[PDB]
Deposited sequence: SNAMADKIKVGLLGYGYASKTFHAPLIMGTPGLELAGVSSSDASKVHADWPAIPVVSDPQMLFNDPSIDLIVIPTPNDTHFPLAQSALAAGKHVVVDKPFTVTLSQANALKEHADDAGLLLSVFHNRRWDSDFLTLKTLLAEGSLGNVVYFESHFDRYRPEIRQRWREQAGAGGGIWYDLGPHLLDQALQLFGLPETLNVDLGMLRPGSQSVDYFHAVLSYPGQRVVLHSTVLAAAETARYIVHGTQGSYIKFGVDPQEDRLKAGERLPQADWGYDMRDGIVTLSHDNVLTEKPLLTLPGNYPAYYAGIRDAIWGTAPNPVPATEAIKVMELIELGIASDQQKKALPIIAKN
């Protein structure tokens, strides 16, 4: 179908931080997609941003609307499955935010129910479109670092004050940030042989996990995923070592802040990351170095991808299949931490 002359009507569920910050602005900015309606308690909270405000007070009404094609579910973690089921039952396509589901049993159920009903089911791993990650994918594809042997990925922050993330996730940031990092690691290197996770609470007053250090092990490779809320000094986002060179990048992707600030698509300079990383290469037993041009972040690619998948033009940007694998590693991290062991990944096709 045409993204010029045809529209996929979308139903958004609730107006939480996610709907407000990501889903609304991004669906709105995507040609071919039309945000038909949003279910919410306080429409006034919505209209302040997006009137027309075809607001409804109950998600089941959107499910009812027969013209609606797609349903996005960024509500509280525990509602995902119910709402998701209801949605697939109503014969509607579904995008679920993270965490996918409270249970693997649930996730797979949706994967099946959605597959039998010929509907599209996808999860919002938007960070596959972070400026740094895109740039990196391209660097590896070109092979200048040689054979990659080490990958280090951090989201280190400094918030010593205990008032940020209500409520809890036991959580804590492993549930909140793990999925993003794990998914990237899988996308770049596939499945590891073992996962070893060390969860922590280093901040006095923390109620949930506020620290995690994960090691994913591969034949001749190591991947280190790390986060913390007690890092006053800025640390590298990525550190990548190959047999021929290295790549170190600082900063985070800049889209989230600009969306928070209320910016609407399109922007001449959407996603520009002016904080370039640096490549170091060994040419003739000499180490040279230069900055690597950072590709702009591109979250919109997700919904444009969803659009195109609905119309059957292209592959689901993020299959449930892949979300479920990340979810499995999230649980395996918990187990690994409980046993203080590097646990093996199992049960592959």
(request) No C-alpha coordinates anywhere in a stretch? Then put that deposited-sequence range on the list, in order along the chain. (result) 170 to 172
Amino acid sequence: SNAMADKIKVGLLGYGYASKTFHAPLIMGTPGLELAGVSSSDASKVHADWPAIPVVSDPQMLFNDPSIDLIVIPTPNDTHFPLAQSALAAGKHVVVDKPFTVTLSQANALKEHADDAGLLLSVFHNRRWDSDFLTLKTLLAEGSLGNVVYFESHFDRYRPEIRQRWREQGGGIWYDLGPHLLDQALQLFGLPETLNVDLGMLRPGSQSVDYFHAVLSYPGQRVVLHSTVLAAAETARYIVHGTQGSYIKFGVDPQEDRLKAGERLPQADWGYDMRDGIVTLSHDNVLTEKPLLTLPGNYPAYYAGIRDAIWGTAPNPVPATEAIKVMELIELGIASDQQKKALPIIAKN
From here on, numbers count along this sequence of modelled residues.
(request) Going by the average Cα B-factor in the PDB entry, point out whether 5 to 13 or 322 to 330 comes out higher. (result) 5 to 13
(message) Mean CA temperature factor from the deposited coordinates, higher in 43 to 51 or in 29 to 37?
(response) 43 to 51
(request) Would you mind finding, among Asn196, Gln85, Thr135, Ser122, the residue with the largest C-alpha temperature factor in the entry? (result) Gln85
(message) If I read the C-alpha B-factors straight from the PDB entry, which of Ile162, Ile73, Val102, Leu265 is highest?
(response) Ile162
(message) Sorting by Cα B-factor within the chain, modelled residues only, which third would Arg127 end up in: lowest, middle or highest?
(response) lowest
(message) By the recorded C-alpha temperature factor, relative to the other modelled residues in its chain, which third is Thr243 in?
(response) lowest
(request) Consider only the C-alpha atoms of the modelled residues in this chain, order them by B-factor as the entry records it, and name the third containing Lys98: lowest, middle or highest. (result) highest
(message) Ranking the modelled residues of this chain by C-alpha B-factor as given in the entry, is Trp311 in the lowest, middle or highest third?
(response) middle
(request) Could you say whether, by C-alpha temperature factor, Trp166 belongs to the lowest, middle or highest third of its chain? (result) highest
